[PDB]
Structure formats: structure tokens, C-alpha cells
Amino acid sequence: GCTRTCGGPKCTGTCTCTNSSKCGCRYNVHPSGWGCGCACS
């Protein structure tokens with residue numbers, strides 16, 4: 001199965017999913033909902 005882990009200082013982390021390649025945690029600072037989570041690109 002895939003993997004998702006986060007909990008860094010400035011909202012960060014690491015993620016790995018066979019479905020994708022370049023995965024990882026990202027922090028959103030937009031007005032339309034903010035927060036940091038795991039997302040691939």
C-alpha cells in the first residue's frame with residue numbers, strides 16, 4: 001500500500017504512493033481554506 005507521513009516544523013512531511021511518483025507534503029496558505037497535507041504532483 002501507499003504511505004503518508006507529516007509533522008514537520010513549517011508544516012511539512014513525506015509521502016510515497018505507487019500510483020504517483022513525485023509525492024510529498026505541502027502547506028496551503030490561501031484564503032479559500034488553509035492547511036498542510038500530503039499531495040503528489
# chains A, B, ... in the order shown; residues from 1 in each chain; ligands from 1

$ select_by_dssp --residues "chain A" --states "strand (DSSP E or B)" --output "list in words"
residues 3, 4, 5, 6, 13, 14, 15, 16, 25, 26, 27, 28, 35, 36, 37 and 38 of chain A

$ write_last_selection --atoms "N, CA, C and O atoms" --output "PDB file, in the first residue's frame"
ATOM      1  N   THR A   3       1.917   5.280   1.273  1.00  0.00           N
ATOM      2  CA  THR A   3       2.399   5.780   2.553  1.00  0.00           C
ATOM      3  C   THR A   3       2.249   7.295   2.644  1.00  0.00           C
ATOM      4  O   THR A   3       2.441   8.006   1.658  1.00  0.00           O
ATOM      5  N   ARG A   4       1.906   7.780   3.833  1.00  0.00           N
ATOM      6  CA  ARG A   4       1.731   9.212   4.051  1.00  0.00           C
ATOM      7  C   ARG A   4       2.072   9.588   5.490  1.00  0.00           C
ATOM      8  O   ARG A   4       1.438   9.115   6.433  1.00  0.00           O
ATOM      9  N   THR A   5       3.078  10.441   5.651  1.00  0.00           N
ATOM     10  CA  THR A   5       3.505  10.879   6.974  1.00  0.00           C
ATOM     11  C   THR A   5       3.926  12.344   6.958  1.00  0.00           C
ATOM     12  O   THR A   5       4.645  12.785   6.060  1.00  0.00           O
ATOM     13  N   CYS A   6       3.474  13.096   7.956  1.00  0.00           N
ATOM     14  CA  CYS A   6       3.805  14.512   8.059  1.00  0.00           C
ATOM     15  C   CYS A   6       3.934  14.936   9.518  1.00  0.00           C
ATOM     16  O   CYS A   6       3.648  14.161  10.429  1.00  0.00           O
ATOM     17  N   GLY A  13       6.334  17.332   5.436  1.00  0.00           N
ATOM     18  CA  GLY A  13       6.322  15.892   5.619  1.00  0.00           C
ATOM     19  C   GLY A  13       6.728  15.145   4.364  1.00  0.00           C
ATOM     20  O   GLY A  13       7.197  15.747   3.398  1.00  0.00           O
ATOM     21  N   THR A  14       6.549  13.828   4.378  1.00  0.00           N
ATOM     22  CA  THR A  14       6.904  12.997   3.234  1.00  0.00           C
ATOM     23  C   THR A  14       5.766  12.049   2.869  1.00  0.00           C
ATOM     24  O   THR A  14       5.014  11.603   3.736  1.00  0.00           O
ATOM     25  N   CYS A  15       5.646  11.746   1.581  1.00  0.00           N
ATOM     26  CA  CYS A  15       4.600  10.851   1.102  1.00  0.00           C
ATOM     27  C   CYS A  15       5.088  10.035  -0.093  1.00  0.00           C
ATOM     28  O   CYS A  15       5.862  10.521  -0.918  1.00  0.00           O
ATOM     29  N   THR A  16       4.631   8.789  -0.177  1.00  0.00           N
ATOM     30  CA  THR A  16       5.021   7.905  -1.268  1.00  0.00           C
ATOM     31  C   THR A  16       3.868   6.995  -1.677  1.00  0.00           C
ATOM     32  O   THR A  16       3.359   6.219  -0.867  1.00  0.00           O
ATOM     33  N   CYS A  25       4.504  16.296   1.241  1.00  0.00           N
ATOM     34  CA  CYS A  25       3.573  17.145   1.976  1.00  0.00           C
ATOM     35  C   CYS A  25       3.720  18.604   1.556  1.00  0.00           C
ATOM     36  O   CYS A  25       4.826  19.082   1.308  1.00  0.00           O
ATOM     37  N   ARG A  26       2.594  19.308   1.478  1.00  0.00           N
ATOM     38  CA  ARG A  26       2.596  20.711   1.086  1.00  0.00           C
ATOM     39  C   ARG A  26       1.725  21.539   2.026  1.00  0.00           C
ATOM     40  O   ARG A  26       0.763  21.032   2.604  1.00  0.00           O
ATOM     41  N   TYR A  27       2.068  22.814   2.173  1.00  0.00           N
ATOM     42  CA  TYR A  27       1.319  23.711   3.045  1.00  0.00           C
ATOM     43  C   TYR A  27       0.566  24.759   2.231  1.00  0.00           C
ATOM     44  O   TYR A  27       1.153  25.463   1.411  1.00  0.00           O
ATOM     45  N   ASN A  28      -0.739  24.855   2.465  1.00  0.00           N
ATOM     46  CA  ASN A  28      -1.574  25.817   1.754  1.00  0.00           C
ATOM     47  C   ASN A  28      -1.846  27.045   2.618  1.00  0.00           C
ATOM     48  O   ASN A  28      -2.314  26.929   3.751  1.00  0.00           O
ATOM     49  N   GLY A  35      -4.063  25.045   5.235  1.00  0.00           N
ATOM     50  CA  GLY A  35      -3.665  23.826   5.914  1.00  0.00           C
ATOM     51  C   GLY A  35      -2.594  23.065   5.158  1.00  0.00           C
ATOM     52  O   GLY A  35      -2.412  23.263   3.957  1.00  0.00           O
ATOM     53  N   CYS A  36      -1.880  22.194   5.863  1.00  0.00           N
ATOM     54  CA  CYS A  36      -0.819  21.402   5.253  1.00  0.00           C
ATOM     55  C   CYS A  36      -1.184  19.920   5.240  1.00  0.00           C
ATOM     56  O   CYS A  36      -1.646  19.375   6.241  1.00  0.00           O
ATOM     57  N   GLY A  37      -0.973  19.274   4.097  1.00  0.00           N
ATOM     58  CA  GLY A  37      -1.286  17.863   3.974  1.00  0.00           C
ATOM     59  C   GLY A  37      -0.399  17.158   2.965  1.00  0.00           C
ATOM     60  O   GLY A  37       0.577  17.730   2.480  1.00  0.00           O
ATOM     61  N   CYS A  38      -0.739  15.913   2.651  1.00  0.00           N
ATOM     62  CA  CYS A  38       0.034  15.128   1.695  1.00  0.00           C
ATOM     63  C   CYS A  38      -0.591  15.196   0.305  1.00  0.00           C
ATOM     64  O   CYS A  38      -1.766  14.878   0.124  1.00  0.00           O
TER      65      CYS A  38
END

$ closest_residue --among "A:11, A:24, A:2, A:18" --to "residue 39 of chain A" --atoms "only C-alpha atoms"
A:24
